[PDB]
Structures are given as C-alpha cells and as structure tokens.
Amino acid sequence: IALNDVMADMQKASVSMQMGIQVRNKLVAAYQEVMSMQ
Amino acid sequence: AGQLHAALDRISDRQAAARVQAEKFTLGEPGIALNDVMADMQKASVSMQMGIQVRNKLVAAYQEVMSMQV
Amino acid sequence: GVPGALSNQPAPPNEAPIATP
Amino acid sequence: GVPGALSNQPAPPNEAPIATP
Amino acid sequence: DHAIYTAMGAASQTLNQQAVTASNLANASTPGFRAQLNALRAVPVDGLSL
Amino acid sequence: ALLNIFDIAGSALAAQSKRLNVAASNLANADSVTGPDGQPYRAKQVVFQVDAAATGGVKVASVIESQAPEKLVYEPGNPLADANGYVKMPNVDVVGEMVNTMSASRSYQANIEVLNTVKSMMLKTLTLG
Amino acid sequence: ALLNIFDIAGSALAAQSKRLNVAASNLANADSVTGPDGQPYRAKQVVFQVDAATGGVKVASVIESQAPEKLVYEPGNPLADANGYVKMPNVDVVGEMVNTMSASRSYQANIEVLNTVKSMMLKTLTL
Amino acid sequence: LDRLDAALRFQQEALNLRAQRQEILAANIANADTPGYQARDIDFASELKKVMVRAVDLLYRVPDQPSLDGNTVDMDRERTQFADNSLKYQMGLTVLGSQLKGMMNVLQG
Amino acid sequence: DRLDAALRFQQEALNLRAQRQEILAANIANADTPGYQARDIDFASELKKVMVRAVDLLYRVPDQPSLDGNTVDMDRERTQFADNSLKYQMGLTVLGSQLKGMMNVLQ
Amino acid sequence: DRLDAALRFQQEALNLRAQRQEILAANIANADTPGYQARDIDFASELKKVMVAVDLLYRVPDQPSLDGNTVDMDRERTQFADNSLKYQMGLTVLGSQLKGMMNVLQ
C-alpha cells in the first residue's frame, strides 16, 4: 500500500463525514423548526 | 475495533526494536554496521509520525461526530 | 536516439578490444 | 555605448590576423 | 564521472612502463642481455553514442 | 508506496560499505606476506548483484580472489623462499584501490542524500493535511 | 517559466562532462603511438551547438583535429613508413590542462545555477 | 464513482506516478556502479494517460557516452531528473492539498 | 477586472522576472561557446508595454574582445542573475502579502 | 520514573564517552613524561555496571622505550577518533528521541 493512497483515503473519509454531518444537521434543524412552529 | 490497538502495538514494537539495536551497537560489540541502525531509526520515526497523525485525525473526527445537534 | 532521451531498445554491450583479429 | 549597457545592434566578429594583407 | 577510470588506468600503465624500464636498467651488466622495448597502446571504447 | 526506497538505499549503503572495507583491507595488506598457515595473502574483490524481488537495490553475492598474476621477489635469505628463492607477494594495485575507495565514498554520499530527500518528501506527505 | 532551467542546466552539465572526458582521454593517450587497427592515435575535440531564440548547449559531434601529426624517426618499429617515420599523436598538453580547469569551473557554475533556481522554485511553491 | 472520487483521483494517480518514477530513479542511482547496468525510466505523459484510461512498461535511456564496464547510467543527468521529479511531486502534493482545503472549507456553517 | 487587474500587475511583473531569469540562465550555461552573443530584455520598457498589452530580446554590448567571438562575461552575468533573483523574491513577497491581506479581510 | 528510564541508557553512554574522551586527552597530553603509564577504561563493562568513581586500567605497551613512557600516538589517535564519532552518534540518538517525545505531545 502507498502512503499517498492512505492519506488520500483519510481525506476522502473526512470529507464524506463532513458532508453527511452537515446534511443531517441541516435536516434535523429544519425538522425542529417545523415542530416548533404551529 | 481493536485493529488500532494492534497497529499501535506493532509500531511500538518496531521502535522498541530500533532502540534495542541502537543500545546493542553502543554496547561496543560487532553486530551492526552503523547503517542498519540509522535506517531503522528513521523508519521508526516515520511510523510514529504516521501513528500520531492517525490519532489526531481520529480524535478530530470523534469531536466532529460528538458535536452533532439532534 | 539523441543522447539523454528515452528509448525502447537496450544499448549493445561495450567491448573495447586490445587488437582486432 | 558604455560597456555593460544594452544596445539593439549585435556585435561585429573579432578578427586577430597574424600579418596584415 | 568515469574519466577517473581512464586516468587511473593511464597511471597504472605508466607504473608498469616504469617497472619495465627499471628492469632493463637493473640488469645492465649481465652478459648477452637484450633490452625490453615498450610503448603505450590505445584502446578506444565505443558504441551508439559519442 | 515510496517506502521501499529506504530498503533500496540501505542495501546500496551496505554494498558500498563492504566494497570500501575490502579496498581498505587490500591497501593495508598490500605489503603483507605469509598469511596464517603459510598461504600468501591474495587480493580480494566483491561482486554486485541486483536483489530483484523487476528492479531493485544492490547486494553483494560473495567475495572472490582476483586472478591477476601473483608477484615474486627474489630473496633466498628468507625461510619462505621457494625452490628458486622467490617469496610470493600479493597482486595489489594501489591506484586501483584508491580509485575504488573514492568512488565508494562518492556513491555512499549520493545514496545518503537520496535517503534524506525521500525522508523529506515523506514527511511532506504526512503533513499534507 | 522555470522548468526550462532544469533542461538548460542539464544540457550544460552534459556538454561540460563530455568536454572533460575528451580532455582526460587526450591526456591519457598523449604518448600512445599505435592503434588497434594500426592507425596512429589522433587528438579529438567536441563541437558545441545551440539547440534552438536562445537555449541550452548540445554536443553535435566529436571530430579529429586537423593539426599536423608530429612524426619522429626510428626504423625499428614496423609501423614506420618508407622513410622510417612514425606518427606520434599531435595532442597538446597545456591546452588540455587549461581545458580541464575551464570545464570544471563551468560545471560548478551550472550546478550552482541549477541549485539556486531549485531553491527559488521551492520558495515560489508556498505563495 | 461520481464527482469527488474522480476529481481527486486525477491528482492522486498523478502523485502515484510521480512516486513510482521517484522509486525507479532511486533504484537506478543506487545501482549506478554495477557493471552492465541499464538505466531505466518511464514516459510520464503516456503512462499517466494510459493509467487514467485504465504493469507500467519501463523504457531504456540512450547512453550519453560509452564505458567498458557496460554500465549506462549517467550520474549528473540522473541527479537532475531526481531533483526535477521531487519538485514536481511537491507541486502536485501542494496543489492537491490546496484544492482539498478549498473543498473542505465549503462544509462550514 | 478589479481583483483580477490588481493582482495582474504583480503577476505580469513576476512572469517577466521569470522569463528574464530563463534568458540569463540560458546565456550563462552557454557562456563557453564561440560565436554566441549575450542577450537580455529591457525589463522596465517590456513591463510597461505588457501592462497595457513574445518578448523582444536584444544583444548586449561586449566589454573586451575574444578571438572565438564570445561576448558573454561571467562576472556581469552573475551579478545580473543575483539581482534578478532578489527582484523575483521581492515580487513574490509583495504578491504574497497582498494575497494574505485580501484573504484576511474576509475573516 | 518512566521518562528517566527511557533515556537513562543513552545519557549514561554519553557520560561514559565523555569520561573516556578525557582519559584519552590526558594520556595523549602526557606523551613525553617518562614513567607515565597509559590509561583507559573498559567501556562495555563500565556501561553495563553503571546501568545495572570510575574504574580504569593500564594499557598493554606496544614498544619499549628507555625513559619508561608507554603511549602510542597512532593508537591513541584512532581511539580518540572512534570515541568522538560514537559520542556524536549517541548525542544524535538522544536528540532524535527527545524530539520524538516532544512531537508526541501535539
């Protein structure tokens, strides 16, 4: 295996984790706002 | 999820072996050519750097995943 | 090929004989 | 002009004949 | 980088020629002795480039 | 993976160190005679091979005695003199040994520089993030 | 750009190495009156060229010198002609001595230029 | 296999090619004194194109000047190529890092 | 266009410095070839032309004759090379400072 | 504790190398005094004993001299160079180990 390859894999994992976390947080914030509003 | 434990044990064993070889060479008995010891020292340093980078990356990911707001 | 370039065929061996037959 | 400056025209060749024809 | 090899080969052959000359000079009084002529010989390496 | 360069350069350093050691021993024992058990000393050389495991580093297969003619000195006044009063002297070329020493030193320095460069590049890759 | 600097300096280094090798070979064979095929050894020199504007240097070819061949008189050698003359190489000594120094100095200057440009490029990389 | 994957793969494979060429250069500079050795190098442009289209075939460099021992490595040219390839690898690494940081900065707030 | 032109001035200055560096390195590497004429570019005039815009290089006057026809003088070329390197690094520093300030404004 | 134990061997090797350097300097400075015996220490045994004042023993004379001095210049110079290089190597190893231990805290 290659050091550049493992670094790129770590970067990919970090970026995907950020994307998923941001999408989930936006969605749950929208749902919470909907629940709060009558 | 003990694979990180196995990896850290392996890198610690590598650097400990490098230290043991360095001590054996400094003991003044001929088994080392002053090149293998230095190469092993460099490899151990690089492996330890990789391990600490992995630790930093993993703890940052844990911090981010804990920072969620349900 | 020009010197220092790339090529697909290995160079022939060097002989340097003392005296040709 | 002054040596070390910049001029557009090139330099004529330098000839040092052994004997004048 | 390999000109060092040509120079050292020339030096070694010069030493050999010096040894031959010293051998000729040493036995300068033996009866019926024939001198040992010597002359450097050139060998060109060549092929596919310069 | 860029890590095998360390193995390649380590093998190269080992080979150059062994070549330098052999050359230095030859220079030291150039004038030596009557080695242990009576056999005269013979000049030794190394052999470099590729440690293929395609392309790879250089290892030393073995050490071989040079087959150059063995020198003789006429000295009947010596217990080692043969039937013709000749003492055997090893075939060592001082110029050749010195050139080997210099070339080995230069190659060793070049390889350690390669090692340092690869170390720097790998540290940069580590600190990519 | 600066990538062409590596090509230019590499070409200059190669040309200087060829010139140094030629000078060393001439000095080594300066007193070798024979050849493997019987022809006398003759001094050789490289020819420089500019490889197309401006650019680096290249070695077009190695040519034999046209200077007259020094010849000595000794009938003993079979190589002697009808008049007993054999042809020693017509290679100057002091010329090669100064060529070696000039080639080494040019080599050092070119490698210093290459190192300086590499450092400048590394510093540019972190703009 | 969409977007981010290929967008960063075009540079990741370039870095891999630079690393492999660096390894080959290190091998042929470490083996620079073995008699009868052949200098080995690859054509980076063609290799990168072939990799992108989807084992590397290594070509032989034409000798600069002959030697009796049969070795055809040229030390100064090899050192120049090594330095150039190292600089190119660093340039690729830094442009990849800058691009990745720019991508990551979007996922803020 | 605004940011583009403001950065473009220094970018063009840096590019011109790089090209002049290339020419200087070429005529230093080619300093031992008969029949060669030293070349250089008028940096100030060229930059002024480019700012309102394939470079027009011109010969350099010799200082002492040589039989082989070489006009490049090593000491002058080395001094010019050092001056150009320092100017290049100065322009790099100025450009980096401007970019860093522009980035820091957004923070 | 653990930090001291991780560096005790390298530190003691450095100290013993310094002491042997001082011994070599003394017995190369006394190269002309008659009746002075060469001195040196057994590095391996000293290091093993200290890791588990300083013991020193006389050197075997090389060639006899009428005055009585028994120091050989070339041998002393070779020993001096070897000890200096090994001291430098020990210092480098200690510095690298400390740099790694410092780096692990970030």
# chains A, B, ... in the order shown; residues from 1 in each chain; ligands from 1

$ interface_residues --of "chain F" --to "chain A" --cutoff "9 Å" --atoms "only C-alpha atoms" --output "PDB file with C-alpha atoms, in the first residue's frame"
ATOM      1  CA  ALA F   1       4.473   3.457  -1.544  1.00  0.00           C
ATOM      2  CA  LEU F   2       7.780   5.370  -1.608  1.00  0.00           C
ATOM      3  CA  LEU F   3       8.835   3.383   1.469  1.00  0.00           C
ATOM      4  CA  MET F 122       7.507  11.514   3.018  1.00  0.00           C
ATOM      5  CA  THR F 125       3.171  13.748   2.528  1.00  0.00           C
ATOM      6  CA  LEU F 126       2.468  13.187   6.226  1.00  0.00           C
ATOM      7  CA  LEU F 128      -0.257  17.164   3.549  1.00  0.00           C
ATOM      8  CA  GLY F 129      -3.371  17.871   5.619  1.00  0.00           C
TER       9      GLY F 129
END

$ interface_residues --of "chain B" --to "chain F" --cutoff "12 Å" --atoms "only C-alpha atoms" --output "short mmCIF file (atom, residue, chain, number, x, y, z; two decimals) with C-alpha atoms, in the first residue's frame"
data_model
loop_
_atom_site.label_atom_id
_atom_site.label_comp_id
_atom_site.auth_asym_id
_atom_site.auth_seq_id
_atom_site.Cartn_x
_atom_site.Cartn_y
_atom_site.Cartn_z
CA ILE B 32 25.84 -3.51 13.49
CA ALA B 33 27.22 -1.59 10.51
CA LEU B 34 26.07 1.90 11.64
CA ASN B 35 23.74 1.93 8.62
CA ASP B 36 21.06 -0.56 9.64
CA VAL B 37 20.66 1.22 12.98
CA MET B 38 20.16 4.61 11.33
CA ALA B 39 17.76 3.22 8.73
CA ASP B 40 15.72 1.52 11.45
CA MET B 41 15.70 4.73 13.49
CA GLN B 42 14.36 6.69 10.52
CA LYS B 43 11.71 4.07 9.79
CA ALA B 44 10.60 4.02 13.44
CA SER B 45 10.35 7.81 13.48
CA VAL B 46 8.26 7.80 10.30
CA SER B 47 5.94 5.10 11.66
CA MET B 48 5.48 7.01 14.91
CA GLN B 49 4.69 10.18 12.95
CA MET B 50 2.09 8.26 10.94
CA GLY B 51 0.57 6.94 14.16
CA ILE B 52 0.29 10.36 15.79
CA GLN B 53 -1.22 11.80 12.60
CA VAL B 54 -3.79 8.98 12.60
CA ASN B 56 -5.06 13.44 15.52
CA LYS B 57 -7.32 12.68 12.51
#

$ interface_residues --of "chain C" --to "chain E" --cutoff "8 Å" --atoms "only C-alpha atoms" --output "PyMOL selection string"
chain C and resi 3+11-12+14-18

$ select_by_dssp --residues "chain G" --states "strand (DSSP E or B)" --output "list in words"
residues 44, 45, 46, 47, 48, 49, 50, 57, 58, 59, 60, 61, 62, 63, 64, 71, 72, 73, 85, 86 and 87 of chain G

$ residues_around --residues "residue 102 (chain I)" --least-positions-apart "5" --cutoff "12 Å" --atoms "only C-alpha atoms" --output "PyMOL selection string"
chain I and resi 3+6-7+95-97+107

$ write_last_selection --atoms "N, CA, C and O atoms" --output "PDB file, in the first residue's frame"
ATOM      1  N   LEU I   3     -10.199  42.891  -8.790  1.00  0.00           N
ATOM      2  CA  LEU I   3      -9.242  41.957  -8.208  1.00  0.00           C
ATOM      3  C   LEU I   3      -8.312  41.400  -9.276  1.00  0.00           C
ATOM      4  O   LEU I   3      -7.096  41.297  -9.064  1.00  0.00           O
ATOM      5  N   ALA I   6      -5.745  44.125 -10.358  1.00  0.00           N
ATOM      6  CA  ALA I   6      -4.877  44.489  -9.247  1.00  0.00           C
ATOM      7  C   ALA I   6      -3.843  43.405  -8.985  1.00  0.00           C
ATOM      8  O   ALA I   6      -2.667  43.703  -8.746  1.00  0.00           O
ATOM      9  N   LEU I   7      -4.258  42.141  -9.029  1.00  0.00           N
ATOM     10  CA  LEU I   7      -3.296  41.053  -8.939  1.00  0.00           C
ATOM     11  C   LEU I   7      -2.517  40.866 -10.234  1.00  0.00           C
ATOM     12  O   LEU I   7      -1.380  40.379 -10.196  1.00  0.00           O
ATOM     13  N   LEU I  95       3.517  40.045  -3.598  1.00  0.00           N
ATOM     14  CA  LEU I  95       2.300  39.374  -4.041  1.00  0.00           C
ATOM     15  C   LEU I  95       1.697  38.538  -2.923  1.00  0.00           C
ATOM     16  O   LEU I  95       0.475  38.541  -2.723  1.00  0.00           O
ATOM     17  N   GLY I  96       2.536  37.810  -2.187  1.00  0.00           N
ATOM     18  CA  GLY I  96       2.034  37.018  -1.081  1.00  0.00           C
ATOM     19  C   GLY I  96       1.415  37.872   0.004  1.00  0.00           C
ATOM     20  O   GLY I  96       0.396  37.504   0.587  1.00  0.00           O
ATOM     21  N   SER I  97       2.023  39.023   0.292  1.00  0.00           N
ATOM     22  CA  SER I  97       1.455  39.922   1.289  1.00  0.00           C
ATOM     23  C   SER I  97       0.097  40.444   0.846  1.00  0.00           C
ATOM     24  O   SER I  97      -0.844  40.502   1.646  1.00  0.00           O
ATOM     25  N   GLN I 107     -12.021  37.641   7.002  1.00  0.00           N
ATOM     26  CA  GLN I 107     -12.096  36.957   8.286  1.00  0.00           C
ATOM     27  C   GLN I 107     -12.340  37.935   9.429  1.00  0.00           C
ATOM     28  O   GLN I 107     -13.003  37.601  10.411  1.00  0.00           O
TER      29      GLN I 107
END

$ interface_residues --of "chain H" --to "chain A" --cutoff "8 Å" --atoms "only C-alpha atoms" --output "list in words"
residues 12, 15, 16, 100, 104 and 107 of chain H

$ write_last_selection --atoms "N, CA, C and O atoms" --output "mmCIF file, in the first residue's frame"
data_model
loop_
_atom_site.group_PDB
_atom_site.id
_atom_site.type_symbol
_atom_site.label_atom_id
_atom_site.label_comp_id
_atom_site.auth_asym_id
_atom_site.auth_seq_id
_atom_site.Cartn_x
_atom_site.Cartn_y
_atom_site.Cartn_z
ATOM 1 N N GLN H 12 -4.524 12.128 -7.534
ATOM 2 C CA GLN H 12 -3.970 11.032 -6.746
ATOM 3 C C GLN H 12 -3.152 10.086 -7.616
ATOM 4 O O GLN H 12 -2.061 9.654 -7.224
ATOM 5 N N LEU H 15 0.124 11.709 -8.456
ATOM 6 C CA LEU H 15 1.065 11.563 -7.348
ATOM 7 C C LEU H 15 1.634 10.153 -7.292
ATOM 8 O O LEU H 15 2.827 9.966 -7.025
ATOM 9 N N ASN H 16 0.793 9.147 -7.531
ATOM 10 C CA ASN H 16 1.276 7.772 -7.551
ATOM 11 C C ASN H 16 2.318 7.574 -8.646
ATOM 12 O O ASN H 16 3.341 6.915 -8.431
ATOM 13 N N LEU H 100 -8.073 20.409 -1.820
ATOM 14 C CA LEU H 100 -8.837 19.702 -0.800
ATOM 15 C C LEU H 100 -9.245 20.635 0.332
ATOM 16 O O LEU H 100 -10.360 20.532 0.856
ATOM 17 N N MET H 104 -12.999 21.473 1.551
ATOM 18 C CA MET H 104 -13.429 21.292 2.932
ATOM 19 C C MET H 104 -13.996 22.576 3.519
ATOM 20 O O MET H 104 -14.925 22.525 4.334
ATOM 21 N N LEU H 107 -17.821 23.130 3.588
ATOM 22 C CA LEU H 107 -18.620 22.445 4.602
ATOM 23 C C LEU H 107 -18.438 23.099 5.974
ATOM 24 O O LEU H 107 -18.062 22.468 6.960
#

$ closest_atom_pairs --of "chain B" --to "chain A" --cutoff "8 Å" --atoms "only C-alpha atoms" --output "Markdown table"
| residue | atom | partner | partner_atom | distance |
| --- | --- | --- | --- | --- |
| B:61 | CA | A:14 | CA | 7.2 |
| B:65 | CA | A:21 | CA | 7.3 |
| B:68 | CA | A:25 | CA | 6.9 |
| B:69 | CA | A:25 | CA | 6.6 |
| B:70 | CA | A:28 | CA | 6.4 |

$ atom_distance --atom1 "CA of residue 104 (chain J)" --atom2 "CA of residue 11 (chain B)"
13.7 Å

$ residues_around --residues "residue 28 (chain J)" --least-positions-apart "4" --cutoff "8 Å" --atoms "only C-alpha atoms" --output "compact mmCIF listing (two decimals) with N, CA and C atoms, in the first residue's frame"
# COMPACT_ATOMS: atom_id res chain seq x y z
N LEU J 24 41.58 9.84 27.31
CA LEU J 24 42.42 9.83 26.12
C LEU J 24 43.16 11.15 25.95
N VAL J 71 53.03 5.16 25.66
CA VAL J 71 51.89 5.66 24.91
C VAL J 71 52.23 5.65 23.43
N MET J 73 51.17 6.96 19.70
CA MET J 73 50.44 8.11 19.18
C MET J 73 49.35 7.68 18.21
N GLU J 76 46.47 6.01 20.05
CA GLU J 76 45.68 6.99 20.78
C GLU J 76 44.82 7.82 19.84

$ atom_distance --atom1 "CA of residue 73 (chain H)" --atom2 "CA of residue 1 (chain E)"
10.3 Å

$ closest_residue --among "B:55, B:7, B:25, B:64" --to "chain H" --atoms "only C-alpha atoms"
B:64

$ select_by_dssp --residues "chain E" --states "alpha helix (DSSP H)" --output "list in words"
residues 3, 4, 5, 6, 7, 8, 9, 10, 11, 12, 13, 14, 15, 16, 17, 18, 19, 20, 21, 22, 23, 24, 25 and 26 of chain E

$ write_last_selection --atoms "N, CA, C and O atoms" --output "mmCIF file, in the first residue's frame"
data_model
loop_
_atom_site.group_PDB
_atom_site.id
_atom_site.type_symbol
_atom_site.label_atom_id
_atom_site.label_comp_id
_atom_site.auth_asym_id
_atom_site.auth_seq_id
_atom_site.Cartn_x
_atom_site.Cartn_y
_atom_site.Cartn_z
ATOM 1 N N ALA E 3 35.735 9.423 -16.247
ATOM 2 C CA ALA E 3 37.072 9.825 -16.662
ATOM 3 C C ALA E 3 38.112 9.489 -15.607
ATOM 4 O O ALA E 3 39.298 9.346 -15.934
ATOM 5 N N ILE E 4 37.689 9.360 -14.349
ATOM 6 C CA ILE E 4 38.602 8.942 -13.294
ATOM 7 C C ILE E 4 39.159 7.559 -13.600
ATOM 8 O O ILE E 4 40.334 7.276 -13.340
ATOM 9 N N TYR E 5 38.334 6.683 -14.177
ATOM 10 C CA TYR E 5 38.806 5.347 -14.528
ATOM 11 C C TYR E 5 39.857 5.395 -15.629
ATOM 12 O O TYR E 5 40.866 4.683 -15.558
ATOM 13 N N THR E 6 39.647 6.224 -16.651
ATOM 14 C CA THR E 6 40.650 6.352 -17.705
ATOM 15 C C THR E 6 41.954 6.905 -17.145
ATOM 16 O O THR E 6 43.044 6.424 -17.481
ATOM 17 N N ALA E 7 41.859 7.913 -16.276
ATOM 18 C CA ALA E 7 43.066 8.496 -15.701
ATOM 19 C C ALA E 7 43.817 7.490 -14.833
ATOM 20 O O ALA E 7 45.048 7.394 -14.911
ATOM 21 N N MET E 8 43.100 6.723 -14.005
ATOM 22 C CA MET E 8 43.789 5.750 -13.164
ATOM 23 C C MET E 8 44.373 4.612 -13.987
ATOM 24 O O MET E 8 45.446 4.099 -13.651
ATOM 25 N N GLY E 9 43.694 4.198 -15.059
ATOM 26 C CA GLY E 9 44.279 3.207 -15.943
ATOM 27 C C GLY E 9 45.557 3.705 -16.587
ATOM 28 O O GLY E 9 46.546 2.971 -16.682
ATOM 29 N N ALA E 10 45.560 4.965 -17.024
ATOM 30 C CA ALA E 10 46.777 5.546 -17.578
ATOM 31 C C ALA E 10 47.891 5.573 -16.540
ATOM 32 O O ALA E 10 49.046 5.264 -16.852
ATOM 33 N N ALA E 11 47.562 5.935 -15.299
ATOM 34 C CA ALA E 11 48.576 5.957 -14.246
ATOM 35 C C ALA E 11 49.139 4.563 -13.983
ATOM 36 O O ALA E 11 50.356 4.393 -13.831
ATOM 37 N N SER E 12 48.269 3.554 -13.928
ATOM 38 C CA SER E 12 48.734 2.194 -13.680
ATOM 39 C C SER E 12 49.625 1.699 -14.811
ATOM 40 O O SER E 12 50.652 1.050 -14.570
ATOM 41 N N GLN E 13 49.255 1.995 -16.058
ATOM 42 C CA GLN E 13 50.102 1.578 -17.169
ATOM 43 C C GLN E 13 51.418 2.343 -17.186
ATOM 44 O O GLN E 13 52.448 1.791 -17.590
ATOM 45 N N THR E 14 51.411 3.601 -16.746
ATOM 46 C CA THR E 14 52.667 4.325 -16.595
ATOM 47 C C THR E 14 53.556 3.652 -15.560
ATOM 48 O O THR E 14 54.772 3.546 -15.747
ATOM 49 N N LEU E 15 52.964 3.190 -14.457
ATOM 50 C CA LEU E 15 53.744 2.462 -13.462
ATOM 51 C C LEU E 15 54.306 1.165 -14.035
ATOM 52 O O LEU E 15 55.444 0.787 -13.736
ATOM 53 N N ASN E 16 53.519 0.463 -14.854
ATOM 54 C CA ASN E 16 54.024 -0.753 -15.491
ATOM 55 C C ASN E 16 55.201 -0.449 -16.413
ATOM 56 O O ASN E 16 56.202 -1.177 -16.423
ATOM 57 N N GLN E 17 55.092 0.619 -17.203
ATOM 58 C CA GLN E 17 56.189 1.003 -18.084
ATOM 59 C C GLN E 17 57.428 1.381 -17.281
ATOM 60 O O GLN E 17 58.558 1.052 -17.667
ATOM 61 N N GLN E 18 57.231 2.070 -16.158
ATOM 62 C CA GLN E 18 58.348 2.395 -15.279
ATOM 63 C C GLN E 18 58.999 1.134 -14.733
ATOM 64 O O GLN E 18 60.227 1.057 -14.628
ATOM 65 N N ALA E 19 58.190 0.137 -14.375
ATOM 66 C CA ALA E 19 58.742 -1.128 -13.903
ATOM 67 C C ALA E 19 59.561 -1.808 -14.989
ATOM 68 O O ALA E 19 60.628 -2.370 -14.714
ATOM 69 N N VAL E 20 59.080 -1.770 -16.233
ATOM 70 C CA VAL E 20 59.835 -2.359 -17.339
ATOM 71 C C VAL E 20 61.175 -1.651 -17.505
ATOM 72 O O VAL E 20 62.221 -2.291 -17.680
ATOM 73 N N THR E 21 61.160 -0.317 -17.464
ATOM 74 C CA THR E 21 62.405 0.433 -17.612
ATOM 75 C C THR E 21 63.371 0.132 -16.472
ATOM 76 O O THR E 21 64.580 -0.011 -16.691
ATOM 77 N N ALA E 22 62.855 0.031 -15.248
ATOM 78 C CA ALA E 22 63.708 -0.304 -14.114
ATOM 79 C C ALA E 22 64.301 -1.695 -14.268
ATOM 80 O O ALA E 22 65.467 -1.922 -13.925
ATOM 81 N N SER E 23 63.511 -2.643 -14.774
ATOM 82 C CA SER E 23 64.031 -3.984 -15.020
ATOM 83 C C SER E 23 65.148 -3.957 -16.054
ATOM 84 O O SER E 23 66.168 -4.634 -15.893
ATOM 85 N N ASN E 24 64.968 -3.182 -17.125
ATOM 86 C CA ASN E 24 66.021 -3.070 -18.130
ATOM 87 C C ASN E 24 67.282 -2.454 -17.541
ATOM 88 O O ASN E 24 68.396 -2.890 -17.849
ATOM 89 N N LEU E 25 67.129 -1.439 -16.689
ATOM 90 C CA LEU E 25 68.298 -0.775 -16.125
ATOM 91 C C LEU E 25 69.015 -1.639 -15.096
ATOM 92 O O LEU E 25 70.242 -1.556 -14.973
ATOM 93 N N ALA E 26 68.278 -2.458 -14.343
ATOM 94 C CA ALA E 26 68.893 -3.210 -13.253
ATOM 95 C C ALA E 26 69.939 -4.189 -13.770
ATOM 96 O O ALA E 26 71.079 -4.203 -13.295
#
